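Structure first, then comments.
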Amino acid sequence: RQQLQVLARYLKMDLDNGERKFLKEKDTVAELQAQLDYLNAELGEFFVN
Amino acid sequence: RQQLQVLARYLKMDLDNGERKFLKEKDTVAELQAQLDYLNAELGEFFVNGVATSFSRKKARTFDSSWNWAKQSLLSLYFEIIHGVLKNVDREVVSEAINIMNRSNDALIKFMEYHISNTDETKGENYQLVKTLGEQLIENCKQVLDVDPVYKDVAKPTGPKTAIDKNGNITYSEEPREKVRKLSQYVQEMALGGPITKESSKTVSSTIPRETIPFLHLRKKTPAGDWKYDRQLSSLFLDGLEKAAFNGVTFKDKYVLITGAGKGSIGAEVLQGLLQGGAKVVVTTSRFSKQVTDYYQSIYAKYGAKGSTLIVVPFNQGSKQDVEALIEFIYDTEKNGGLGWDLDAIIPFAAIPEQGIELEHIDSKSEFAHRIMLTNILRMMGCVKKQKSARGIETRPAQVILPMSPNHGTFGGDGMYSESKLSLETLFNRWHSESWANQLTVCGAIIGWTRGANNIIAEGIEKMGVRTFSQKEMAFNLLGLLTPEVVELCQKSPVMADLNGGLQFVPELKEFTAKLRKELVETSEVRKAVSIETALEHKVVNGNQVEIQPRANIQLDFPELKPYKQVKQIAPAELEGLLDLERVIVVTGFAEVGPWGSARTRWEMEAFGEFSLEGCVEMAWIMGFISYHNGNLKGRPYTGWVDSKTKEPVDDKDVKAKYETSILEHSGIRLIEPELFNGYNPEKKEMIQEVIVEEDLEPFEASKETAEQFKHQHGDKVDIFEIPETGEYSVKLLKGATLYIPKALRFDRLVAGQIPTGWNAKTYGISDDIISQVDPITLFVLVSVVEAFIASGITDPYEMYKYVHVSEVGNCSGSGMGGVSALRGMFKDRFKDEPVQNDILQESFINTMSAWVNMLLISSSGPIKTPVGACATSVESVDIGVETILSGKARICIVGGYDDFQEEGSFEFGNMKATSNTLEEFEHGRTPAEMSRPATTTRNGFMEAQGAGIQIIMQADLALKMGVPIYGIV
Amino acid sequence: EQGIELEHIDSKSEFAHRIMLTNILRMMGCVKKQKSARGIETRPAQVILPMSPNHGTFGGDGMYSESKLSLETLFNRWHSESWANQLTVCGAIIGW
Amino acid sequence: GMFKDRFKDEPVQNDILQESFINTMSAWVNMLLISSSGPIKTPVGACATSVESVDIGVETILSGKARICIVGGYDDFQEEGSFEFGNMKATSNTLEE
Amino acid sequence: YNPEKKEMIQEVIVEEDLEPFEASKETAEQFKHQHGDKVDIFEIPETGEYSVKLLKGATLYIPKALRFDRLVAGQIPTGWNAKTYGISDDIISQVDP
Amino acid sequence: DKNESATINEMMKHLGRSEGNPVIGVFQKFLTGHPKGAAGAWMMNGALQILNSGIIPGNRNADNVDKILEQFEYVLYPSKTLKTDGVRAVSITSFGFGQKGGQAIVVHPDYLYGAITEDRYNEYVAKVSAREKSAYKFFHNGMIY
């Protein structure tokens, strides 16, 4: 692990970049889904469908 | 890259796992966003945005202190009559008297009895008048001590009036009706009707003409299914209106839910009537804010009778979630956070306007308005039905007073307004055909032409016998439907009240209205064009008043010195020579620095609620918005105020229009501004965490002394090595070493009473060297002392030494906490090794401020007694200074108190829970201005502030000898 | 819509109301827009509106009566608005 | 405590603020031993606060707002106060001594 | 408090990414709020804790010791305790020395 | 707030105040907030201004007075300013931490001038007029410069 981290630092490689992007997109999914559940609780399952 | 990949494969590490998860979540975002754009293209931007939830239980505001507002109104009326605002008993005074009667009780009777028996009628005719009127009102209130509060409207009825000036100017006024001048006469005219409404001891119903339709009537459903005018129901309604006009109508034990009752609407007048009658009204507002809450508080303080409660709640009638939440909140028990109420009436008058939306233009806004006005109304009645059925209530129906339009598509271009209004008429049949008759009763009020474009022609519509109503008259008609007899009639069967004023009898009402508007508009433009052309002809034929603007003249506001006979009349005759003026303490000066600037500006904001020209100019000068300029400016010579930044000339008239918003936004209680507290953001509060180092950190270059200090601290857990190239040192922390990492704490006290932004001691003239040396609290104290001496008229502090010895002038002011900025310096900045002055400790003392005052301005060698009393340090200072003067070691004293707002003091007050939680306040919908609400049901912490307040006190004998103003006697 | 009283008005009732009133009005509005865009004044479309003689007589039908009764505004809207030349209203009150 | 231990997130009592006031000592005296509702006047005078207290108490008794008074003065030695006195050079340098 | 060894802290700019250290969820959120993009916080699915990894350029406080030259003070005799005079331990914990 | 209303009510009861004559309570911290020691000084400044102007500011944030405060019949809680025809005395009351209760009474300055002669009052008025003019010129000069 230490040697891999040294090589990544030398290569200017961000091992956590993918995870950070994933967490951002997961938050975006959460907020868009919150909007969708609000609209569903509002208009209703029957109306939206 | 290859070595890294080999190591990852050995470690069973998936470098692409994060990217794969990211791409999956990006596809999920794409598909959810596709769903959202479909729903947006479908319902529309307006509908989706407008279905946003607005109601919350924590945001409801209760008003029930009518016992207090009665006394407040009585004193207001008393002083108004005494001062001559009200010379005669006009209908407004009669209405206020009626409200006082409605709130009358034994304590109130005693209040008025004292205030009238204590009144001295010999002090001019005004005092005799107020005494007589108060005696009459006492007699009236004694009668209605036990009588229930009644809604009685005494305003003069007003008709429409449109006049066209010679220059084609349209003016509309609500001039009083010549024929009708009481509500009883209004009801009599309503029963009488007019020629147009005719068709081919004794109540007002008796005066109805034969074979005629009253302007206000009730319709009965014929067996064929059509609604026709009915003599019996109409007579019942007009008799109820007559009783409500003459005796007044009570709404005790009546729980109402009214929506769409904002200012300038029919619902507001209906709410005022309900509050007068004593009802428990839940008013719902879609514009919940400080303005609306203050409006409803004023409405309740004016009209809320004894036993009435006004519940102002935020509410979106366009969202069924808000509808369900509001009905649940109303019906749920107080223990569960509800109101524990059961609605006796529902008035769903909430609607959004629609102009120029024809059939082709029906869109998201029209569908949303239709939801609000039909679908969510039906959902609200369904929710009330469900609550009543769940609680097993069959014998307490809620009266739904439905707003109905006489015209369904007559005017057009109103979207789905007519659709909603016409579909609301299904409820009459649904009441019989469904199983909610026992929980709700339908009362369709067909509201006629009401006057709040549509007003200029109201006079023209009335020339043919049609009747047009005002908001007050329409509210009176609607409240006539809440009388017990009409309620009982609604419980018998659903009722259709026609309050249209005979508007249905005119043929082609839309075209006639358009013709009236076209005639008025054409006359106005023709007259305006002819006047303009005549003016231009006159000017060309005959060839070709200076207006003066106010200018700020700030007054020190010295006390008014009345003539000697006047000032001697009030005081006892035996006081002359009785008192030892050396032993009488007088406040000769005072001043302050606070969230609203100086004492003058703070007083203006306190008393009048807004800044005058002088106050606004003073605030702009204090805040640095305007600087004074004298000399050449852009070539021409200018002398006056200029903008500090742009340097452009600004006139005192423009000072308000240019800086009122800025002054209000950055004065008083408001969100904490980090620029005024050294980048202190309560939302991001810096802390540091101790952790044990787990790996040897990389070397970092450091000085020789710094490296030695690190080695002294960490012992064998750090290593310092000299670099021979430059002589510096490299510091290498090892495993197990102690480290501090910054971390941020989200703190919930975000609002504080802060001195206005741009307040600078340089503006008052304190040198930059003094500013650097002393604390901000000391600067506030210096400014306060200078302003206090200015208010005392002592421009030169050495002028005191012409009258007293240097040992006879003291400073007994102090602080609860002192130089908290210097304490923070010594305790934190020194700990962090930031640049801190070596004398920060002597700057931190509570007596340092008084020391700096004495050794910058006073030079006195008199008594110095700095108190600490926390919030009472100023009364402490006054007491200590009074005793100093009475003991005689001083003759002049500088009393008062000062303190500062800072991060650590604020945080510890928050830990104490003494201050108010700003996040909870936001949850309750409280703005920074209304966080601080002393003596209220919802107060949950004090509002922390900063500043200084100073008073110059002295012996009365000395004050008279120096000829300084005397503002009061301690 | 069966067994949907006032207390039961819900998503299905709102959707049925949309179909039977709001989207009908949108459809006539769209036909009006097409005819106006193509400059057609002398070829109106006859909207044969299905109307109910009974508006809430039976109940328990959600917003059926609301839609049918709000469709009667079109008679006045025809005169009061600027789509008379593109559409003509024919309300057929369908019996049993 | 409030300025450093809270900054370091060490365990600090939530009422360290009232425990820091100069009048807190007099408050605790009154509400542990005296129970008097008589005049409370906590002075600050740096090194002269005790003579200040004697003079304020004398004037309280002569004014008659009190007949008995607890005068005097108190202060504590701590790291930061010591270091700041060293910074001002008011204290004696122990290494020079 | 040792005047010969007076604790201070020095601000330095982090030059390399420090190794992750296990931290609570709230503590990791606080660290992220402070450092913005200069720290990386990741949940550990095994136990639900959080790992906090400071990146290059982050702000760090390392303790350092200052040799202070005021070593002698007038101190109340060692072993002086309020319990000896009878003040309760609860009062001792509540109030200042 | 409850303790202070109770204290004022008990004072007013014991001192035999006429029933139906509540003291009008002025709450200034609704607007200026609560400073930890400038409080009573700001309230004294407000009290002096109330005395000299005859104007009693109202607690505009008093949305709904607490029902618990109704029992104190000798206290009134206005929400809007009152143009009173003269205020004789004002009672400023403060309560700081550490049981620091404090009261002050500010009487109208005009009750002082009844304790002196006509000639003394006239010369005092002349001196105050001259001093007010001097203070005005000083204040405006210092403000602009």
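We label chains A, B, ... in the order they appear in the structure tokens, count residues from 1 in each chain, and number ligands from 1 in the order shown.
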Practice prompt. Find the spatial neighbours of residue 73 (chain F), counting only C-alpha atoms, within a cut-off of 8 Å - ignore same-chain residues fewer than 5 positions away - and output them as a count of residues only.
Written response: 4
Worksheet item: Which residues, written as a list in words, have at least one atom at most 6 Å from residue 49 (chain E), with only C-alpha atoms counted and residues fewer than 4 positions away on the same chain left out?
Response: residues 24, 25, 43 and 44 of chain E
Worksheet item: Nearest to residue 14 (chain E): which of E:53, E:70, E:64, E:83 is it, counting only C-alpha atoms?
Response: E:53
Item to complete: Counting only C-alpha atoms, collect the residues of chain D whose closest atom lies at most 8 Å from chain F, and write them out as a PyMOL selection string.
Response: chain D and resi 18+23-24+26-28+40
For the residues selected in the previous step, produce a file with C-alpha atoms as a JSON list (two decimals), in the first residue's frame.
[["chain", "number", "residue", "atom", "x", "y", "z"],
["D", 18, "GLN", "CA", -20.66, 32.74, 34.53],
["D", 23, "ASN", "CA", -18.74, 39.42, 40.16],
["D", 24, "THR", "CA", -19.22, 35.63, 40.18],
["D", 26, "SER", "CA", -19.28, 37.82, 45.18],
["D", 27, "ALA", "CA", -22.38, 36.11, 43.80],
["D", 28, "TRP", "CA", -21.23, 32.72, 45.12],
["D", 40, "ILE", "CA", -23.72, 44.35, 45.39]]
Worksheet item: Given a cut-off of 7 Å, which residues of chain B touch chain D, counting only C-alpha atoms, written out as a PyMOL selection string?
Response: chain B and resi 687-689+817+824+826-828+838-839+841+846-847+865-869+876+883+887+904+908+911-912
Could you turn the residues from that selection into a file that holds C-alpha atoms, as a PDB file, in the first residue's frame?
ATOM      1  CA  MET B 687     -11.587  24.440  16.547  1.00  0.00           C
ATOM      2  CA  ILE B 688      -8.559  22.129  16.707  1.00  0.00           C
ATOM      3  CA  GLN B 689      -8.486  18.391  17.437  1.00  0.00           C
ATOM      4  CA  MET B 817     -16.662  41.374  30.532  1.00  0.00           C
ATOM      5  CA  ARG B 824      -9.092  36.471  23.015  1.00  0.00           C
ATOM      6  CA  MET B 826      -3.884  36.879  25.021  1.00  0.00           C
ATOM      7  CA  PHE B 827      -5.554  33.464  25.354  1.00  0.00           C
ATOM      8  CA  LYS B 828      -5.721  32.283  21.707  1.00  0.00           C
ATOM      9  CA  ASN B 838       2.724  43.139  24.298  1.00  0.00           C
ATOM     10  CA  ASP B 839       0.205  45.303  26.230  1.00  0.00           C
ATOM     11  CA  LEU B 841      -3.323  42.407  28.995  1.00  0.00           C
ATOM     12  CA  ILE B 846     -12.529  46.287  32.446  1.00  0.00           C
ATOM     13  CA  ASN B 847     -11.127  49.531  33.884  1.00  0.00           C
ATOM     14  CA  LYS B 865     -14.860  53.106  40.378  1.00  0.00           C
ATOM     15  CA  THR B 866     -15.255  50.571  37.574  1.00  0.00           C
ATOM     16  CA  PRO B 867     -18.114  48.130  38.352  1.00  0.00           C
ATOM     17  CA  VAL B 868     -18.970  44.665  37.071  1.00  0.00           C
ATOM     18  CA  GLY B 869     -22.630  43.690  37.161  1.00  0.00           C
ATOM     19  CA  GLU B 876     -24.282  49.626  39.145  1.00  0.00           C
ATOM     20  CA  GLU B 883     -23.051  57.733  45.920  1.00  0.00           C
ATOM     21  CA  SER B 887     -20.411  61.703  49.384  1.00  0.00           C
ATOM     22  CA  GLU B 904     -16.088  33.080  22.491  1.00  0.00           C
ATOM     23  CA  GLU B 908     -20.423  30.294  25.816  1.00  0.00           C
ATOM     24  CA  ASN B 911     -23.624  26.693  25.637  1.00  0.00           C
ATOM     25  CA  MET B 912     -25.516  28.273  28.545  1.00  0.00           C
TER      26      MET B 912
END
Shell around residue 61 (chain C) at 10 Å using only C-alpha atoms, local window under 6 positions removed, as a short mmCIF file (atom, residue, chain, number, x, y, z; two decimals) with C-alpha atoms, in the first residue's frame:
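That gives us selection25.cif:
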data_model
loop_
_atom_site.label_atom_id
_atom_site.label_comp_id
_atom_site.auth_asym_id
_atom_site.auth_seq_id
_atom_site.Cartn_x
_atom_site.Cartn_y
_atom_site.Cartn_z
CA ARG B 430 -72.90 16.27 -3.39
CA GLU B 434 -72.76 11.66 -0.32
CA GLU C 1 -64.85 6.64 -10.88
CA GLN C 2 -66.79 4.55 -8.35
CA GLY C 3 -67.06 5.03 -4.61
CA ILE C 4 -64.93 8.19 -4.53
CA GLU C 5 -66.81 10.67 -2.34
CA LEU C 6 -65.56 14.09 -1.24
CA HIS C 8 -61.80 10.16 -1.14
CA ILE C 9 -60.84 12.70 -3.83
CA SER C 13 -59.82 11.91 -9.20
#
Determine, for each residue of chain C having at least one atom at most 7 Å from an atom of chain A, the closest pair of atoms and their separation in Å to one decimal, counting only C-alpha atoms; order by chain and ascending number, as a tab-separated table.
residue	atom	partner	partner_atom	distance
C:11	CA	A:44	CA	4.8
C:12	CA	A:46	CA	5.5
C:15	CA	A:47	CA	5.2
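Residues in contact range of residue 66 (chain E), defined as at most 9 Å between only C-alpha atoms, with sequence neighbours fewer than 5 positions away removed, read residues 709, 710, 712 and 713 of chain B; 3, 4, 5, 6, 7 and 8 of chain E.
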Could you dump the residues just selected with C-alpha atoms as a PDB file, in the first residue's frame?
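Full text of part.pdb as output:
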ATOM      1  CA  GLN B 709      11.025  24.938  20.371  1.00  0.00           C
ATOM      2  CA  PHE B 710       9.527  21.979  18.498  1.00  0.00           C
ATOM      3  CA  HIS B 712      11.574  21.083  23.459  1.00  0.00           C
ATOM      4  CA  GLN B 713       7.873  20.321  23.055  1.00  0.00           C
TER       5      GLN B 713
ATOM      6  CA  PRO E   3       6.991  28.087  32.671  1.00  0.00           C
ATOM      7  CA  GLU E   4      10.172  26.351  31.500  1.00  0.00           C
ATOM      8  CA  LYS E   5       7.987  24.470  28.965  1.00  0.00           C
ATOM      9  CA  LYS E   6       5.116  26.675  27.774  1.00  0.00           C
ATOM     10  CA  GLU E   7       2.823  25.090  25.197  1.00  0.00           C
ATOM     11  CA  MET E   8       2.252  26.897  21.897  1.00  0.00           C
TER      12      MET E   8
END
Only residues of chain B matter here; which ones have an atom within 6 Å of chain A, counting only C-alpha atoms? Give them as a PDB file with N, CA and C atoms, in the first residue's frame.
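Result file follows (selection-v2.pdb):
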ATOM      1  N   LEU B   4       2.741   0.642 -10.359  1.00  0.00           N
ATOM      2  CA  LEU B   4       1.519   0.906  -9.609  1.00  0.00           C
ATOM      3  C   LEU B   4       0.458  -0.140  -9.912  1.00  0.00           C
ATOM      4  N   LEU B   7       1.313  -3.384  -8.156  1.00  0.00           N
ATOM      5  CA  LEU B   7       1.018  -3.317  -6.728  1.00  0.00           C
ATOM      6  C   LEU B   7      -0.481  -3.370  -6.467  1.00  0.00           C
ATOM      7  N   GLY B  18     -14.152   3.171  -8.339  1.00  0.00           N
ATOM      8  CA  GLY B  18     -14.759   4.469  -8.107  1.00  0.00           C
ATOM      9  C   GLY B  18     -15.321   5.077  -9.375  1.00  0.00           C
ATOM     10  N   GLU B  19     -14.579   4.974 -10.477  1.00  0.00           N
ATOM     11  CA  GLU B  19     -15.069   5.503 -11.746  1.00  0.00           C
ATOM     12  C   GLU B  19     -16.314   4.756 -12.208  1.00  0.00           C
ATOM     13  N   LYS B  21     -18.562   3.220 -10.306  1.00  0.00           N
ATOM     14  CA  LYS B  21     -19.668   3.670  -9.470  1.00  0.00           C
ATOM     15  C   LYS B  21     -20.119   5.067  -9.874  1.00  0.00           C
ATOM     16  N   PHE B  22     -19.166   5.939 -10.210  1.00  0.00           N
ATOM     17  CA  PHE B  22     -19.509   7.286 -10.645  1.00  0.00           C
ATOM     18  C   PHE B  22     -20.329   7.264 -11.927  1.00  0.00           C
ATOM     19  N   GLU B  25     -23.862   6.132 -11.117  1.00  0.00           N
ATOM     20  CA  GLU B  25     -24.650   7.176 -10.471  1.00  0.00           C
ATOM     21  C   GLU B  25     -24.953   8.307 -11.442  1.00  0.00           C
ATOM     22  N   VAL B  29     -28.556   9.734 -12.254  1.00  0.00           N
ATOM     23  CA  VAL B  29     -28.897  11.152 -12.289  1.00  0.00           C
ATOM     24  C   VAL B  29     -29.559  11.494 -13.613  1.00  0.00           C
TER      25      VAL B  29
END
